[PDB]
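Colleague: Residue numbers (the numbering used here), protein chains in the order written: chain A, 476 to 792; chain B, 2 to 317; chain C, 820 to 986.
What follows is a structure written as structure tokens; I'll ask about it next.
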Ligand SMILES: *[C@@H]1O[C@H](CO)[C@@H](O[C@@H]2O[C@H](CO)[C@@H](O[C@@H]3O[C@H](CO[C@H]4O[C@H](CO)[C@@H](O)[C@H](O)[C@@H]4O)[C@@H](O)[C@H](O[C@H]4O[C@H](CO)[C@@H](O)[C@H](O)[C@@H]4O)[C@@H]3O)[C@H](O)[C@H]2NC(C)=O)[C@H](O)[C@H]1NC(C)=O
Ligand SMILES: *[C@@H]1O[C@H](CO)[C@@H](O[C@@H]2O[C@H](CO)[C@@H](O[C@@H]3O[C@H](CO[C@H]4O[C@H](CO)[C@@H](O)[C@H](O)[C@@H]4O)[C@@H](O)[C@H](O[C@H]4O[C@H](CO)[C@@H](O)[C@H](O)[C@@H]4O)[C@@H]3O)[C@H](O)[C@H]2NC(C)=O)[C@H](O)[C@H]1NC(C)=O
Ligand SMILES: *[C@@H]1O[C@H](CO)[C@@H](O[C@@H]2O[C@H](CO)[C@@H](O[C@@H]3O[C@H](CO)[C@@H](O)[C@H](O)[C@@H]3O)[C@H](O)[C@H]2NC(C)=O)[C@H](O)[C@H]1NC(C)=O
Ligand SMILES: *[C@@H]1O[C@H](CO)[C@@H](O)[C@H](O)[C@H]1NC(C)=O
Ligand SMILES: *[C@@H]1O[C@H](CO)[C@@H](O)[C@H](O)[C@H]1NC(C)=O
Ligand SMILES: *[C@@H]1O[C@H](CO)[C@@H](O)[C@H](O)[C@H]1NC(C)=O
Ligand SMILES: *[C@@H]1O[C@H](CO)[C@@H](O)[C@H](O)[C@H]1NC(C)=O
Ligand SMILES: *[C@@H]1O[C@H](CO)[C@@H](O)[C@H](O)[C@H]1NC(C)=O
């Protein structure tokens, strides 16, 4: 069971180099029984400059690298280069391609992850894919291939016009919180008549070790009779970026208008988590009326309820 | 020599492998004398996604494969992904990116106004004009139009060549504090031998009423594992956003690495001020030694000497 | 009277381009007899074709060509601009029904991407590759101001507004 690794060398911008080095590494193959084939769009290569040298020998095993030189013009022609190795009568093929290029003919793709508030709370989890800078919407289609899950949910896509004669298409697909927490991913694939190769964007959960955030509410610091009382709710050591902060002062949740949240910044040292501050400023008329003043934080690694509430009372001091 | 082959593996559109595995094949280094680091456009990569594994050893030749997991957005953002190897005190950096698509970026000018710290405390403000993405450093020069007021301010136009086939030119003008306090915008012009028009950028103090900032220091909340205290200094209702925040420990200035200041944001209040929560992380040892921490704020709306200090002790 | 024809269909040439002026006219002949006037001053050109190479700002103004004893031709105005985008048209004044060509042109014939055309403050067309606005049948509504915003060398720039008026 040999291991195949096909790689393409990096284009040096500083050095004046115009040849890309394709390396096909085969590990643990059969001694004296080897065969490496370079295919360009399912066609055998013609150039004989294929430098093949044994990397190393592991007794019954062997590791060998095949080296090929490719012109930049040929590589940019979207040629699907492939390395084929015949092991035990089975032809294993690996196709590289450069990197499915980039945004073609405009059309910028943004795959927005679900908001970290509708997963572990109310039921409305969805994933959205937005394509902007489109010349026209004719014969342009977006698919929502559900990786490793398939399911039965269907997506819905809608168009929108702007003041710069550009068309933006947004497609939303409902998802499942259990599927998201299990590690399943999705693939937004956009196909347009201009470029034959569709553009694919795959979204999964953010990698890393999840940690339980620490939430603390500070009492107002204003001395005597400042009209606009301020409450601070600090959240530290939370990973990944998915987290939401709200308030539930006296039943109904406080509107986002009288509340703000600072941008997340990476904490220096300590752990790998971030730190955020949420500030709630209210006139000195609700301070003598509101009593609950609870800051709630929703994170995907807190606990089974995925909720952490810190309550501050006005009957202090 | 540590010949760094920084190879980007196949991006695999068909498979669910969004993250690209940059392999930094390192050869020619010395055993147990090599340190590997990752940089994203001159910024250190701190996430622990590195999978540095020893492939093989042929004596002192240890084939090292450092695997960096980069998101598709990062790889396709035309970055400068740098594999840095430190050995025998010598650092070798290999820079990689995608093969060029679209047109190359043109020369772009950036203007940095003086910081309030050097404007109201040290009294040495400086205006910075930096042109980047420049092709050739020949027949390119920077002219500074003083506009209002006249003075002799001959300065430097120093050029630094980067490792991404680009060079930058930086010019710093030490200006007088009084002119900026009263308000006197200047202009920076960069001229290239073959350009349509020389690029001109103007700097002027932001108009608007100045409001005295309100500064409050919150004591550390409870005993959080007895490892970090995370002192908070909230500054609110100040305009403009140009402000200096510092932390002083027992009369000694604290480096900017320890304390993090959030970016200014437009508060929802009618004061049109900005709220910033400067967070200083201090361990148990620092806080338990009866150290008093002072949050210092420098802003133009404050009275003389444009400095406001709020000191918090541990015995309260 | 003869007609002054420019080899480039646009009278907004760059700084340093070549332009050929022809004093076209039927039943004239005598190519060796053709006087050229620049701001009313006679030039050194004698033939019916005048070539300008590496045009400067001083070459801007009114050009006139006279042949034999016929009356002087129209003083065609040629203006030289120096900016990132100087979108050109076939003519400042176009008769109704005549074709009209508008093209966003950048410095040294550099390729222009993300070309967006705006008429009197309202966007008209958007393209990723530079194209031509070709109005085969000019209408009254086409009158107004045209300007293009284009991304050249990954930098977005705005062109000089135009005065495209039809009769
Ligand atoms: C023609 O005009 C249209 C309409 O204005 C333009 O379309 C806009 O394009 C911009 C630029 O790509 C888009 O802005 C980007 O949107 C994404 C996120 O925005 C959504 O999500 C946030 C919440 O996360 C909402 O607040 C917001 O309303 C949107 O729903 C991101 O891709 C971008 O932000 C990310 O990248 C930037 C760096 O680029 C970082 O600074 C950010 O922190 C962040 O990481 C960015 O904000 C904008 O959404 C588009 N508008 C619409 C209505 O679709 C066309 O671009 C324009 N065409 C031309 C050719 O000029
Ligand atoms: C080849 O490599 C070089 C070297 O890395 C690159 O040059 C860098 O380019 C970046 C991107 O333009 C420059 O970063 C810009 O700097 C300015 C502000 O940064 C200074 O000030 C802040 C504090 O205000 C400091 O933290 C910082 O260290 C600097 O002192 C601004 O012009 C830019 O910020 C603005 O734009 C960004 C979006 O990019 C917004 O998020 C910001 O809010 C703001 O609006 C930006 O940060 C950097 O300075 C350059 N370095 C040098 C040494 O010149 C080349 O770009 C690269 N070439 C290619 C082709 O990739
Ligand atoms: C013939 O008459 C015409 C009348 O237009 C003259 O054209 C004018 O020439 C002057 C001098 O070159 C131009 O001024 C210049 O304009 C720009 C402004 O950005 C710049 O290059 C210089 O700073 C200068 O001010 C002027 O614009 C131009 N007029 C037009 C409408 O294009 C022409 O020079 C005359 N020829 C002779 C030989 O006298
Ligand atoms: C999707 O778009 C592509 C663009 O090439 C087109 O060939 C195909 O027929 C479209 N599919 C459907 C179902 O409309
Ligand atoms: C600045 O550069 C321009 C363009 O090359 C040149 O004409 C001018 O003389 C230069 N000025 C100096 C060197 O002072
Ligand atoms: C103009 O013609 C000259 C020769 O007379 C030639 O060298 C030059 O390249 C031409 N310029 C343009 C812009 O075509
Ligand atoms: C626009 O028209 C001009 C003049 O005929 C021509 O040279 C140019 O190629 C045209 N542009 C395009 C994009 O077809
Ligand atoms: C012509 O264009 C200019 C800007 O170049 C604009 O101010 C003016 O209103 C336009 N129309 C005229 C002069 O009729």
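Every residue, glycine too, gets a C-beta built ideally from N, C-alpha and C.
Residues of chain A with CB under 8 angstroms from residue 935 of chain C, in chain order?
Modeller: Per Cβ cutoff of 8 angstroms: 639 and 640.
Colleague: Would you list, in sequence order, the uninterrupted beta strand (DSSP E) runs of no fewer than 3 residues that lie entirely inside the region 178 to 249 of chain B?
Modeller: The qualifying runs are 187 to 192, 200 to 204, 215 to 219 and 232 to 237.
Colleague: Where residue 140 of chain B and residue 193 of chain B are concerned, what is the direct C-alpha to C-alpha distance, given to the nearest angstrom?
Modeller: Straight-line Cα distance between these residues: approximately 6 angstroms.
Colleague: How many Å lie between residue 959 of chain C and residue 913 of chain C at the Cα?
Modeller: Approximately 11 angstroms between the Cα atoms of the pair.
Colleague: What residues in the region 956 to 975 of chain C have a beta carbon less than 9 angstroms from any beta carbon of chain B?
Modeller: So the list reads 970, 971, 972, 973 and 974, given in the order they occur along the chain.
Colleague: Taking 8 angstroms as the cut-off, decide whether the C-beta atoms of residue 259 of chain B and residue 297 of chain B are in contact.
Modeller: In this structure, residue 297 of chain B does not lie closer than 8 angstroms to residue 259 of chain B by Cβ.
Colleague: Just checking: is the beta-carbon of residue 175 of chain B within a distance shorter than 8 angstroms of some beta-carbon in chain A?
Modeller: No, its Cβ sits nowhere closer than 8 angstroms to a Cβ of chain A.
Colleague: Whole angstroms are fine: how far does the CA of residue 832 of chain C sit from the CA of residue 934 of chain C?
Modeller: Their backbone Cα atoms lie some 20 angstroms apart in a straight line.
Colleague: What does DSSP give as the partner residues of residue 528 of chain A in its beta bridges?
Modeller: DSSP, once it has assigned bridges, lists A/540 as partnering residue 528 of chain A.
Colleague: Would you list the residues whose beta-carbon is nearer than 7 angstroms to any heavy atom of ligand 2, in the order they occur in the chain?
Modeller: For ligand 2, the selected residues are B/42, B/43, B/79, B/81, B/106, B/109, B/111, B/113, B/131, B/133, B/134, B/161, B/163, B/165, B/167 and B/169.
Colleague: When burial is assigned at 16 or more other CB atoms within 10 Å of the CB, is residue 712 of chain A buried or exposed?
Modeller: Label assigned to residue 712 of chain A: buried.
Colleague: Which runs of the beta strand (DSSP E) spanning at least 3 residues fall entirely within the region 849 to 929 of chain C, listed in chain order?
Modeller: 854 to 857, 868 to 871, 880 to 885, 895 to 897 and 919 to 922, all fully within the region 849 to 929 of chain C.
Colleague: Could you check if residue 229 of chain B is buried or exposed, using at least 16 other CB atoms within 10 Å of its CB as the buried criterion?
Modeller: Residue 229 of chain B comes out buried.
Colleague: Can you name the start and end residues of the beta strand (DSSP E) that residue 948 of chain C belongs to?
Modeller: 941 to 948 is the extent of the beta strand (DSSP E) around residue 948 of chain C.
Colleague: Just checking my contact of residue 932 of chain C with residue 215 of chain B at CB under 8 angstroms: how many whole Å lie between their CB atoms?
Modeller: Between residue 215 of chain B and residue 932 of chain C the Cβ distance is about 48 angstroms, and since that is not below 8 angstroms, they are no contact.
Colleague: Just tell me which of A/647, A/582, A/607 and A/522 has its CA closest to the CA of residue 635 of chain A.
Modeller: Here the closest residue by C-alpha is A/607.
Colleague: What in chain B is Cβ-close to residue 932 of chain C, meaning under 9 angstroms?
Modeller: Near residue 932 of chain C (Cβ distances below 9 angstroms), the residues of chain B are 103 and 104.
Colleague: Just to make sure I have the definition right: I need the residues of chain A whose C-beta is within less than 7 angstroms of the C-beta of residue 944 of chain C. Which are they?
Modeller: Those are 640, listed as they occur along chain A.
Colleague: Closer than 5 angstroms from C-beta to any heavy atom of ligand 8: which residues, in chain order?
Modeller: Here the residues come out as C/980 and C/982.
Colleague: For residue 612 of chain A, go through chain C and note every residue whose CB falls closer than 8 angstroms to its CB, in chain order.
Modeller: Neighbours of residue 612 of chain A on chain C: none; closest Cβ ~13 angstroms, over 8 angstroms.
Colleague: Helix, strand or coil for residue 731 of chain A? Go by DSSP, reduced to three states.
Modeller: Note: residue 731 of chain A maps to helix in three-state DSSP.
Colleague: With a cut-off of 8 angstroms, do at least 3 Cβ pairs link the region 279 to 287 of chain B to the region 856 to 866 of chain C?
Modeller: Too few Cβ pairs lie closer than 8 angstroms, so no.
Colleague: Tell me whether residue 649 of chain A sits in a helix, a strand or coil according to DSSP, three-state version.
Modeller: Here residue 649 of chain A sits in strand by DSSP.
Colleague: Exposed or buried, residue 677 of chain A, counting other C-beta atoms within 10 Å across all chains shown (16 or more means buried)?
Modeller: By the 10 Å Cβ count, residue 677 of chain A comes out buried.
Colleague: Looking at C-alpha atoms only, which residue of B/66, B/48, B/50 and B/235 is the closest neighbour of residue 56 of chain B?
Modeller: With distances taken between Cα atoms, residue 56 of chain B lies closest to B/66.
Colleague: Taking the alpha-carbon of residue 633 of chain A as reference, which of A/639, A/643 and A/627 has the nearest alpha-carbon?
Modeller: That would be A/643, whose Cα lies nearest to the Cα of residue 633 of chain A.
Colleague: Flag this pair as touching only if the region 208 to 225 of chain B and the region 290 to 308 of chain B have three or more C-beta atom pairs under 8 angstroms; answer yes or no.
Modeller: The answer is yes - the region 290 to 308 of chain B touches the region 208 to 225 of chain B, with three or more Cβ pairs under 8 angstroms.
Colleague: Tell me where the beta strand (DSSP E) around residue 145 of chain B begins and ends.
Modeller: Residues 142 to 146.
Colleague: For a contact meaning CB atoms closer than 8 angstroms, what does residue 581 of chain A contact in chain C?
Modeller: Those are 933 and 947, listed as they occur along chain C.
Colleague: Hey, does residue 199 of chain B have any beta-carbon neighbour from chain C nearer than 8 angstroms?
Modeller: Not an interface residue.
Colleague: Under the rule that 16 or more other beta-carbon atoms within 10 Å means buried, what is residue 750 of chain A, buried or exposed?
Modeller: Looking at its Cβ environment, which holds 16 or more other Cβ atoms inside 10 Å, residue 750 of chain A is buried.
Colleague: Could you check if residue 864 of chain C belongs to the surroundings of ligand 6, using beta carbon to heavy atom distance under 7 angstroms?
Modeller: Because no heavy atom of ligand 6 lies under 7 angstroms away, the Cβ of residue 864 of chain C does not count as near it: no.
Colleague: Quick one, which of C/916, C/842 and C/920 has its alpha-carbon nearest residue 910 of chain C's?
Modeller: The option with the nearest alpha carbon to residue 910 of chain C is C/920.
Colleague: List the residues of chain A whose Cβ lies closer than 7 angstroms to the Cβ of residue 275 of chain B, in chain order.
Modeller: Residues of chain A passing the Cβ test: none, with the nearest at roughly 11 angstroms.
Colleague: According to a CB-to-CB cut-off of less than 8 angstroms, which residues of the region 901 to 913 of chain C neighbour chain B?
Modeller: Residues passing the 8 angstroms Cβ filter: 901, 902 and 903.
Colleague: Less than 7 angstroms separating the Cβ of residue 194 of chain B from some heavy atom of ligand 5?
Modeller: Yes, Cβ of residue 194 of chain B sits closer than 7 angstroms to a heavy atom of ligand 5.
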